[PDB]
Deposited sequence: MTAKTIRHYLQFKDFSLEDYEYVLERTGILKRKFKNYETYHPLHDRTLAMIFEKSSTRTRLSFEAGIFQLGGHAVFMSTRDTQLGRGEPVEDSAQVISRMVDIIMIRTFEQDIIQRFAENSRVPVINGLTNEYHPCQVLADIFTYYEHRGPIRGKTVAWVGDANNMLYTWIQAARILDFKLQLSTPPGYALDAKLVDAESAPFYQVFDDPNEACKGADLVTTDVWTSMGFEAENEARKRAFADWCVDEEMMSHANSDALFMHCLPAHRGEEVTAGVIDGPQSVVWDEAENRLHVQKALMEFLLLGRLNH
């Protein structure tokens, strides 16, 4: 059983395949071609943190592959609290073919996975958000070609997106340049020492953006003010740099309207591409390589 819990669960080879499948399945999507490799297959969507966006992307995605997603959300309990992790994992994986969990803690999805008969996908935890970084990287390929050797700048809080980017940089061999406000820096305990050669920390976010091919941030306040991605910051990056932001976005906080609504922003395509990479993920976890 393979799972998709952290970006580093897949090898370079895995990603080369999945990214190519993503483009192929997207073309089938845009060609209204009927392709149902997952006919009669069920995905359990376990949401403990709400997102319609991600419900839509997974739900429409497996439908388009011939399968069906079941939305599982409870108000008053959660895995590891008021629901026993193993009980849920053993029973649910006996009924469905694949499972997605969006929750708070990586430890919980990991423990669940350990007792699951079927593949488990991380739809977001406090620690990692591999599906979005995957979509981000696919979006880059589409607009700018392969990301290898390119420079990605991260400006903002050290949050699940950043830790995921760090893992990606190592695996896909690109350069990550990051800058955070002084008290919201990387937790050196949550960063693999093996990834040190692939990222660099800057005190000034404007320096981190110099020569960037991709500039990205996320939602976080009086302290983050110099870490707002504005148009002057963007001007430090390469002229054809892309701006990505994982949604939702708060205009006037992490980012200006000028940037996210500007000509370098690909945030909508980037959100759309969650649908396409997640379809490739599910196909790959269930069918392997063709």
Gaps relative to the deposited sequence fall at 1-5, 226-237, 308-309
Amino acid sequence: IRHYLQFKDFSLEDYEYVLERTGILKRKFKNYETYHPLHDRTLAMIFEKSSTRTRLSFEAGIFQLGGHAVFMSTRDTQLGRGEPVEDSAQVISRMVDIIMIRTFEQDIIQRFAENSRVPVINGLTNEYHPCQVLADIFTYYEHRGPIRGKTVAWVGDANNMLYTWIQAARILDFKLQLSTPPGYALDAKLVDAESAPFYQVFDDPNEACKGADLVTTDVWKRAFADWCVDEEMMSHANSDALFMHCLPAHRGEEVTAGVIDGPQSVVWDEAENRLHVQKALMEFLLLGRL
From here on, numbers count along this sequence of modelled residues.
Per the PDB entry, mean CA B-factor is higher for 240-248 or 64-72, namely for 240-248
Mean B factor on CA atoms, stretches 112-120 and 147-155, record says higher is 147-155
The residue of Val266, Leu12, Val18, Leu25 with the maximal C-alpha B-factor according to the PDB record is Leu12
Per the deposited B-factor column, the C-alpha that peaks among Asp136, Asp218, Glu127, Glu194 belongs to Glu194
Chain-relative C-alpha B factor for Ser235 (record values, thirds): the middle
Among the modelled residues of its chain, the C-alpha B-factor of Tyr35 falls in the third labelled middle
Quick tally, chain-level thirds of C-alpha B-factors: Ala223 sits in the highest
Of the three thirds of the chain ranked by Cα temperature factor, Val255 occupies the middle
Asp87: CA B-factor among chain residues, third -> highest
